[PDB]
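Trainee: First to last, the protein sequences are chains A, B, C, D, E and F.
Residues 433 to 538 in the UniProt record's numbering are what the first sequence lists, from first letter to last.
Residues 19 to 91 in the UniProt record's numbering are what the second sequence lists, from first letter to last.
Residues 15 to 523 in the UniProt record's numbering are what the third sequence lists, from first letter to last.
Residues 16 to 531 in the UniProt record's numbering are what the fourth sequence lists, from first letter to last.
Residues 28 to 217 in the UniProt record's numbering are what the fifth sequence lists, from first letter to last.
Residues 27 to 528 in the UniProt record's numbering are what the sixth sequence lists, from first letter to last.
Note that the Cβ used here is the ideal one computed from N, Cα and C, for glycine as well.
Sharing a structure, written as structure tokens. Questions coming.
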Amino acid sequence: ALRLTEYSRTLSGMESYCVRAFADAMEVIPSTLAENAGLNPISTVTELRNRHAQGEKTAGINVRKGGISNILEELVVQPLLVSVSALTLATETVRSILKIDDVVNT
Amino acid sequence: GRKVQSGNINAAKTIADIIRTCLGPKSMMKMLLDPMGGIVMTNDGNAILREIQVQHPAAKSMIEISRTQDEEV
Amino acid sequence: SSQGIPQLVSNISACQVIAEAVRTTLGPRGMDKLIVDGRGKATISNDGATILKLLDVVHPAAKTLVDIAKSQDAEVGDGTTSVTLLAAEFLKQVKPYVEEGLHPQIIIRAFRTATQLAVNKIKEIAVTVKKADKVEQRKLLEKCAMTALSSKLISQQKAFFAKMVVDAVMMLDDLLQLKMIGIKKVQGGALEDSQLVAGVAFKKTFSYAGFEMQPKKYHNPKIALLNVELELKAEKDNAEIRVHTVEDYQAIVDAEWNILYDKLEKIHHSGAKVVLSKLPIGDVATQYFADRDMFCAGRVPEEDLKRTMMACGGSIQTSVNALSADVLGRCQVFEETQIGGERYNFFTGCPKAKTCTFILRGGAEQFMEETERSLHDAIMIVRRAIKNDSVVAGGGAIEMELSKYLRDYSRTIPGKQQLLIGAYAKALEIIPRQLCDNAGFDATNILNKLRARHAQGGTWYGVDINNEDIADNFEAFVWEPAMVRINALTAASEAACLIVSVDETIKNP
Amino acid sequence: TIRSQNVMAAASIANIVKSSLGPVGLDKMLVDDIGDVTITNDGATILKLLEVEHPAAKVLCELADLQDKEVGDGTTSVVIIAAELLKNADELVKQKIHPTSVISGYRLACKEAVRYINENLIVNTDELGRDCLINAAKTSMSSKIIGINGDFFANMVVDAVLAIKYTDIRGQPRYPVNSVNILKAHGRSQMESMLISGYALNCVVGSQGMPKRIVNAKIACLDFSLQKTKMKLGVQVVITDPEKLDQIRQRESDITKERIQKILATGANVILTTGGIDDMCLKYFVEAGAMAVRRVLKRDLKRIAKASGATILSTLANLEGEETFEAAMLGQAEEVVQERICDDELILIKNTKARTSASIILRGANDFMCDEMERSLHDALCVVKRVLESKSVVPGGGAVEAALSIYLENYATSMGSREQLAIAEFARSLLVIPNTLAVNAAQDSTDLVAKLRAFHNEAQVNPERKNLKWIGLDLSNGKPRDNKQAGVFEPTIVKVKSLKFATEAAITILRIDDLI
Amino acid sequence: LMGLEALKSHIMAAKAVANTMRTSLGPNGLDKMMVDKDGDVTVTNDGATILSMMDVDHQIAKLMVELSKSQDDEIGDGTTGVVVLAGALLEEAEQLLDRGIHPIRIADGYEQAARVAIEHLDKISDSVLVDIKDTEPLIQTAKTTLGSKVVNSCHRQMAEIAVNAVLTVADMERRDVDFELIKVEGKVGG
Amino acid sequence: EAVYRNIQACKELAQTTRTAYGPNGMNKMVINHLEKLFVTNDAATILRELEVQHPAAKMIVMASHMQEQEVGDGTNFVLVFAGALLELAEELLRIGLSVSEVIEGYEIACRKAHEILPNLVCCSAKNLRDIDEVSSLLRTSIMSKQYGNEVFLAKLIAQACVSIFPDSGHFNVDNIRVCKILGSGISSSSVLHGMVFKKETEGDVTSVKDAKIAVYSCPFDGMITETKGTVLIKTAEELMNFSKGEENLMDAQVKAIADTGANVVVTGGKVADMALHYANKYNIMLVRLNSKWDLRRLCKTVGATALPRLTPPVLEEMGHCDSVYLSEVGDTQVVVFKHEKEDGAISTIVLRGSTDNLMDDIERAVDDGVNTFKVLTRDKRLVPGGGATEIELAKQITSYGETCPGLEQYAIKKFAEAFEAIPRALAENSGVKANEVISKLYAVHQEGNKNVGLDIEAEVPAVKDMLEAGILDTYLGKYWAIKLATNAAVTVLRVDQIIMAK
Ligand SMILES: Nc1ncnc2c1ncn2[C@@H]1O[C@H](COP(=O)(O)OP(=O)(O)O)[C@@H](O)[C@H]1O
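Next up, the structure:
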């Protein structure tokens with residue numbers, strides 16, 4: 433969300449504003465992971481954004497606790513393919529959904 | 019003093035008020051109005067209890083414990 | 015909702031309704047209120063007492079609540095909203111208990127006992143941090159004030175307001191004073207130029223002449239005050255009888271202005287130099303003063319008028335004549351100077367010493383329209399630091415100390431009163447809770463931090479108003495005086511017990 | 016109203032089961048169907064029978080039943096504690112506390128509470144009960160005191176349970192309550208009662224032509240019954256023989272001379288035999304000395320088999336006596352006395368081997384009060400047995416739920432995270448057990464819970480008063496009592512699991528968000 | 028009535044002001060027509076004139092129009108810009124409150140945003156050459172700024188007269204002047 | 027039917043009045059036709075505002091007023107006890123007993139109570155001197171209305187009454203007036219001989235000897251009957267001329283009309299401050315900001331009478347006094363008129379407090395205390411209160427009911443239970459459940475202690491002896507309270523229908 437907001441800032445056309453909206457949309461999942469932890473979502477998501485805007489490019493919410501502790505060790509890790517597949521499939525689905533004007537019956 | 023004990027007491031009072039007049043040598047007659055159209059006469063309380071309708075569960079339990087009483091003696 | 019429990023529930027609900035209109039106002043950086051009622055006119059204020067005065071409390075419980083709350087007068091600190099909210103939250107925390115059939119008098123006893131123990135605890139733990147002999151107390155008064163306004167940008171001007179507030183400490187040395195706290199709004203220029211002047215200062219001057227033609231270094235001017243207009247005679251007066259005396263059309267007002275000239279000669283040989291009035295004065299009169307070694311300072315609001323009359327020890331006149339007496343005082347020096355974009359007036363010293371003021375530049379509205387409330391409160395802070403012996407950590411720190419002490423002492427009491435004392439101690443938590451909520455960052459987390467930081471270690475921890483997390487409010491000099499907080503807590507307890515102890519409200523039509 | 020719809024259903028179930036939590040609780044009329052009126056005051060039965068209609072109540076009752084199937088009977092404690100936890104958790108959520116923070120709070124609170132109970136609130140049976148079981152039985156008697164009696168019955172039951180101590184594997188010597196040979200007796204001075212080591216039978220009186228009037232070395236058991244008649248197994252009449260139809264019994268009687276020789280070789284001089292054996296058949300063994308005792312019944316048979324190891328079917332399989340008798344069904348003991356006591360010639364098998372059972376003669380004037388004291392003493396035996404189960408016990412009467420409330424309240428402020436407010440709210444929630452036990456008494460809950468909690472705080476803050484750890488409400492009264500020097504006890508395992516399952520229920524039903 | 032929903036109602040009133048000031052800012056802004064109870068009709072692009080008699084519909088709009096009116100001498104052109112910018116601030120503030128942020132925290136976030144805005148804005152552009160003496164680039168400024176909106180055609184004279192009038196009075200008060208000494212006398216007929 | 031309706035109305039009246047009974051009574055909001063709002067726990071005021079439109083309620087309320095005007099304490103006892111009578115009579119009528127039987131039984135039970143209660147008394151008031159002892163005697167009455175701060179008011183009332191109670195065995199009800207000047211601290215109150223006023227126009231007291239008083243609500247003339255002189259406010263210079271004129275007339279007053287009894291003029295209307303200065307020069311004082319009742323009190327206590335409009339003073343309305351002097355009690359100027367029994371028989375106290383509501387609370391406390399002193403002076407025997415006397419009467423009446431065969435016994439037993447209702451009223455107000463405390467009180471009281479009652483201080487329902495505890499009522503107070511309470515109950519029960527007439 434941070435880097436892609438920067439990219440949308442560098443981008444032109446309505447596509448730039450839409451890519452910024454892409455980043456603002458994607459920041460829901462860390463927010464809702466916080467909202468399923470004890471931490472309030474807004475402070476957690478802004479703290480994570482500040483951390484990633486100050487180096488420390490891997491920080492998030494773990495399972496062993498609720499606070500922001502993902503520097504090392506207790507950090508939860510996944511192969512990127514799951515995340516990039518989530519992005520690709522969700523983007524194709526939203527492409528299809530907005531690609532629709534009407535649903536017709538045969 | 020919750021409402022359930024009040025309902026228990028009210029059902030007991032209704033059934034006892036029905037039965038009271040059946041006590042003593044000078045006991046009253048009672049009217050049994052079977053919705054088929056006939057009438058059953060009775061002098062004593064056991065006969066009216068054996069067929070009185072008690073839709074309230076408190077009065078129904080009162081009838082069951084009356085059955086428990088009358089089966090013994 | 016007739017007698018006993020239902021009526022008490024209705025009364026405490028009305029107390030909650032009137033509290034929610036003031037609970038948001040609590041705090042130094044309080045989220046303020048807008049009141050439309052009274053003539054259909056808007057007003058904005060961040061004071062609980064103000065919003066309670068302008069709002070009308072129709073309901074009896076709210077009526078007596080606000081009466082007893084404002085009876086503490088909250089002149090020193092923002093105590094009206096604190097008392098109101100403590101009372102209301104006592105009622106809130108005892109609502110389920112009185113609802114479940116708890117007799118409303120043992121609860122009165124519980125409140126009285128808990129309040130007595132809380133007062134004893136505060137007086138036992140309040141620190142008498144005021145050494146009388148050492149004069150350099152300024153080096154902590156300045157810190158206390160600058161931390162009371164630590165939220166705004168303070169690069170170096172913090173020292174200027176610090177010197178202002180401490181020299182105003184020795185300037186309001188004698189007694190509790192009310193004019194002293196107002197600061198004159200100035201527009202334009204940088205914020206560097208901020209200096210003390212004694213007496214009073216006056217608002218925007220009109221385009222009247224004599225700005226410097228009559229030198230503005232009036233030495234020992236006798237002061238004049240006015241309540242009757244001197245006006246132009248542009249309106250026509252009819253005199254049509256014959257055309258032989260065309261000058262008679264104006265002789266009727268020539269007589270009136272000759273009478274006024276006699277009055278002005280009376281003022282002139284009475285020694286009065288500068289004339290103050292509530293109402294605009296005609297231009298011709300302004301030039302009469304300019305020629306005749308005297309000056310016009312009219313159309314000024316009455317607050318400056320009472321300020322100046324108690325500066326001079328005199329009284330109002332309600333007349334233009336009969337001014338040849340000691341009805342007014344004698345200031346040492348009058349000066350009028352072009353400061354920034356507007357010409358202002360000064361009376362340094364005056365005859366008595368309970369009158370002074372300060373000049374505030376900065377060329378903006380934000381920080382100084384804030385000032386009219388914030389530095390109001392901040393020099394009030396320093397006045398509590400000077401004139402109240404003992405202080406206790408504010409910002410709910412003492413509220414958490416009570417929420418721990420009274421709660422454990424409750425769990426010590428054997429009788430059924432102990433649960434009610436525990437509810438009392440829980441109700442004390444609203445002040446840090448609401449103060450934190452009005453600061454925006456979530457109240458629950460800060461309250462948990464305060465809970466865990468008490469019961470072990472230092473007690474002075476409370477909410478750090480400037481930051482999000484917790485801090486020693488005592489160390490940051492964010493104090494509340496011991497005696498004033500005793501009075502506020504006792505008033506809140508009395509309000510709570512007086513609300514709880516009343517049955518049906520009866521009225522005869 | 017997506018989570019409160021679950022919390023309120025659980026709270027309604029708690030309100031229904033609440034009025035019957037303690038031994039003094041009220042009766043519940045439960046009718047799962049029309050006309051099937053049931054009146055029970057034990058909340059476990061109504062929970063098994065109450066037809067919940069809401070899935071939250073479904074799952075909470077399912078966890079309660081799982082707890083019942085696992086250990087003990089604390090189902091009521093589970094339900095009320097869990098639902099009060101739910102009500103207070105929903106109050107926390109209304110205060111904008113996030114649900115999973117409350118989840119972590121209750122989880123850590125349960126863990127720390129279990130640790131506290133295990134480390135400084137359990138009292139061990141190997142330390143307890145040398146005299147305190149007497150007063151515990153007294154407290155059990157307090158439910159059905161029928162006069163000045165009760166103190167002598169307490170000594171009676173304590174001496175019995177010491178004597179009937181069932182030495183067994185795992186070092187957990189508790190006895191089965193039904194094993195004891197309790198006996199009602201009329202025409203007796205009811206305020207005495209004698210205890211005699213060894214089990215007792217429905218002894219024959221008024222027909223003992225058999226000379227059982229003299230002490231015996233060993234007893235032999237027999238669940239067969241030789242008979243002239245087809246009332247029991249082994250006797251048949253289908254045989255086509257005018258002689259064999261009759262002398263099958265005579266041949267069996269002559270063969271049983273071998274069996275009585277076997278019992279004599281094992282050590283027995285009297286053999287007991289179930290109902291249906293002929294008295295003239297008893298004469299055959301009376302003449303040979305190894306006399307036979309009639310009228311022992313199925314309960315007598317099971318008591319004999321389980322106590323003395325007298326497994327009649329261990330080697331004897333057919334009704335014929337030609338099979339091998341040995342010690343496998345002998346009434347192993349030291350001696351057997353048949354003294355005439357209180358006009359009754361009871362047969363007492365002293366020092367029964369492999370289980371040292373005892374006999375209780377419940378002296379009483381009338382049938383009804385004899386049955387009543389039998390019920391009350393059975394309850395006392397069960398409560399002391401339940402104390403002895405876990406080998407470690409905690410003070411009943413809500414002392415634990417109160418003491419633990421103060422420790423959880425103190426330990427909430429020990430930690431700074433958002434979970435600590437849930438810790439505190441759980442601490443105050445757990446007092447619902449003392450609150451309910453007080454409501455079930457005529458004394459108001461507020462005052463008695465206040466006194467209880469103040470006593471427990473005194474135990475927590477004034478370390479000299481460590482004996483104050485275990486004052487709780489009297490179950491059958493409305494005052495706080497020292498629940499070790501006197502009073503009730505409940506096993507630590509059952510109540511610690513009660514708290515654990517209550518917390519797990521309060522998590523499983525609170526993590527719910529919506530039904531879709 | 029109370030709390031965040033009442034603040035949302037205030038936000039709706041602010042949007043009512045902002046959406047009607049939205050079409051008016053800039054030289055190509057859509058003018059409003061001002062009608063009094065006397066029935067006089069006049070068209071105008073000036074946001075200040077539009078707000079001069081814009082009557083209240085819900086009170087906070089009256090408060091904010093009074094606030095905007097109070098700076099007419101210094102704010103200059105763009106007072107409708109002020110109103111639309113504040114309306115956008117409140118419109119996105121509604122989204123922030125939907126996200127659950129307490130109002131005072133978005134308020135002080137906006138004040139620090141204004142602080143960094145001021146810091147960057149001081150560094151955003153260069154300075155024009157001297158004012159009092161040369162005045163020719165100032166003539167160019169006055170042309171390209173003022174005569175573009177609504178006047179029949181931009182020409183040098185009104186700007187030159189205005190700048191001459193100010194420079195006769197600009198330098199005494201340490202490069203400052205007060206409009207109490209300068210006024211307009213409108214008199215149709217030429 | 028109408029009997030049950032009247033009983034229900036009186037039941038709800040007694041219920042809404044009961045919450046204020048006892049020392050720890052529950053306050054209530056009062057909104058009279060002046061729309062002022064204040065909290066009080068006094069039966070007299072709460073009923074005086076409460077419009078009891080139901081005629082039976084009005085009957086009981088006016089019976090309470092008659093009791094109050096005859097005797098001080100017990101005005102709420104009458105309400106609660108009549109309510110108990112009516113609830114138990116409703117119970118008896120629901121059983122089916124007729125109104126005549128219950129009213130006759132209540133009458134005979136009241137007669138038995140009046141006969142046996144003089145045997146119930148345990149102590150009698152000693153000599154009314156020794157301020158400590160009379161304070162201990164007022165203890166119960168003073169605590170009854172205000173609680174938490176009680177000993178100070180008892181001492182205050184005791185000192186005030188004894189300093190004026192003459193050697194003769196008589197004392198007057200309209201003796202103690204109250205002055206309610208605001209200020210911090212109740213404890214700063216004090217007593218002064220004679221009457222005092224809160225605050226008026228300034229003056230230098232010259233009437234400190236042979237004080238006489240004039241009282242005008244009319245133009246400030248005060249001419250003697252032998253001359254004509256007046257002030258007419260129409261122009262300034264002649265207004266000063268008149269001011270001089272009536273100041274000389276005041277001098278003529280203090281010279282000659284002093285023989286009739288006028289030195290200092292009481293002004294109802296405000297006068298110019300310069301005229302106040304002239305009064306200062308010529309040695310005449312005056313008083314201002316007094317309500318019409320204040321003028322009535324000052325004139326009656328000197329024998330004067332307020333003049334509604336201009337009339338030359340005559341001996342018919344002259345006032346006599348010994349001294350008019352001044353004191354700054356509570357750091358505020360208050361005038362005082364001192365007497366030497368020429369008229370005298372008056373003493374006045376100053377009330378101190380931060381709120382007019384607390385001021386009125388102190389006022390009712392003072393009124394009940396002085397009325398208790400009234401009824402103690404003429405009946406020096408007085409009864410142990412705090413539930414003890416009501417329950418001793420209840421036990422005696424129960425014994426009498428068991429002693430009376432046949433009918434009339436229902437009314438006797440229910441009259442005893444009406445006695446029983448009083449410590450129930452104490453229990454509900456004191457936060458203890460009524461049934462447990464009343465049963466424990468019977469347990470400790472049927473044993474013959476005879477002086478046990480509801481202990482308020484205990485948080486748990488319990489009892490203590492009120493004799494040594496200092497809780498004890500007046501004999502005549504309870505006697506007349508019960509007498510008119512039973513009279514009200516028997517009269518209201520004797521109304522089987524509510525009927526309107528034109
Ligand atoms: N200290 C006390 N303890 C218990 N009861 C008291 C006490 N003082 C007064 N009372 C009760 O209150 C009665 C008088 O007070 P009350 O009836 O409430 O008001 P009033 O005297 O105006 O009628 C007494 O008759 C007595 O029964």
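Exposed or buried, what is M47(B) when buried is set at 16 or more other beta-carbons lying within 10 Å of its beta-carbon?
Mentor: Taking the first residue of the second sequence as position 1, residue 47(B) is located at position 29. When all chains shown are included, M47(B) counts as exposed.
Trainee: Evaluate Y358(C) with the Cβ neighbour count: other Cβ atoms within 10 Å of its Cβ, from every protein chain shown; 16 or more gives buried, anything less gives exposed.
Mentor: Along the third sequence, read from residue 1 onward, the residue named residue 358(C) stands at position 344. It counts as buried.
Trainee: Do you know how far the Cα of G487(D) is from the Cα of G493(D)?
Mentor: Against the fourth sequence, residue 493(D) aligns to sequence position 478. Against the fourth sequence, residue 487(D) aligns to sequence position 472. A direct Cα-Cα distance of roughly 10 Å separates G493(D) from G487(D).
Trainee: Cβ of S429(D) within 7 Å of any heavy atom in ligand 1?
Mentor: Position 414 of the fourth sequence, counted from the start, is the residue given in the question as residue 429(D). The answer is no for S429(D).
Trainee: Looking only at its own chain, which residues have a Cβ that is under 7 Å from the Cβ of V451(A), when we skip the five neighbours before and after it?
Mentor: Position 19 of the first sequence, counting from 1, holds the residue named residue 451(A). So the list reads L436, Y439, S440 and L443, once near-sequence residues are dropped.
Trainee: So, helix, strand or coil for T168(E), using DSSP?
Mentor: As a working note, residue 168(E) is residue 141 in the fifth sequence. In the structure shown, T168(E) sits in a helix (DSSP, three-state: H, G or I).
Trainee: Between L51(B) and the rest of its own chain, which residues show a CB-CB distance below 8 Å, the 5 nearest in sequence each way excluded?
Mentor: Taking the second sequence and counting its residues from 1, one reaches residue 51(B) at position 33. Taken in chain order, the residues that qualify are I57.
Trainee: Compute the Euclidean distance between the alpha carbons of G66(E) and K214(E), then round it to the nearest angstrom.
Mentor: Counted from its first residue, the fifth sequence places residue 66(E) at position 39. Counted from its first residue, the fifth sequence places residue 214(E) at position 187. One alpha carbon belongs to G66(E), the other to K214(E), and they sit about 22 Å apart.
Trainee: Pull up the DSSP beta-bridge partners for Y351(F), would you.
Mentor: The count along the sixth sequence starts at 1 and reaches residue 351(F) at position 325. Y351(F) is bridged to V362(F).
Trainee: Given a threshold of 16 other Cβ atoms within 10 Å of its Cβ, counted over all protein chains shown, does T154(D) qualify as buried or as exposed?
Mentor: To locate residue 154(D), count along the fourth sequence from 1; it is residue 139. Answer is buried; the Cβ neighbour count reaches 16.
Trainee: Please identify the residue among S164(C), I237(C) and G41(C) whose C-alpha is closest to the C-alpha of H282(C).
Mentor: Here residue 282(C) refers to the residue found at position 268 when the third sequence is read from its first residue. It is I237(C) whose Cα lies nearest to the Cα of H282(C).
Trainee: Using a beta-carbon distance cut-off of less than 9 Å, what residues from the stretch 438-471 of chain C approach chain D?
Mentor: Taking 9 Å as the Cβ-Cβ cut-off against chain D, the residues of the stretch 438-471 of chain C that qualify are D456, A457, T458, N459, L461, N462, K463, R465, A466, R467, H468, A469 and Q470.
Trainee: Taking the beta carbon of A369(D) as the centre, do at least 16 other beta carbons fall within 10 Å, making it buried, or is it exposed?
Mentor: Against the fourth sequence, residue 369(D) aligns to sequence position 354. Result: exposed.
Trainee: Given this structure, state the Cα-to-Cα distance separating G445(A) from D456(A), to the nearest angstrom.
Mentor: Residue numbering aside, residue 445(A) sits at position 13 when the first sequence is read from its first letter. Residue numbering aside, residue 456(A) sits at position 24 when the first sequence is read from its first letter. Straight-line Cα distance between these residues: approximately 18 Å.
Trainee: What does DSSP give as the partner residues of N53(F) in its beta bridges?
Mentor: Position 27 of the sixth sequence holds residue 53(F). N53(F) is bridged to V516(C).
Trainee: Taking all protein chains shown into account, do 16 or more other C-beta atoms lie within 10 angstroms of the C-beta of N383(F), making it buried, or fewer, making it exposed?
Mentor: Looking up residue 383(F) in the sixth sequence gives position 357. Here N383(F) is buried: its Cβ has 16 or more other Cβ atoms, across all protein chains shown, within 10 Å.
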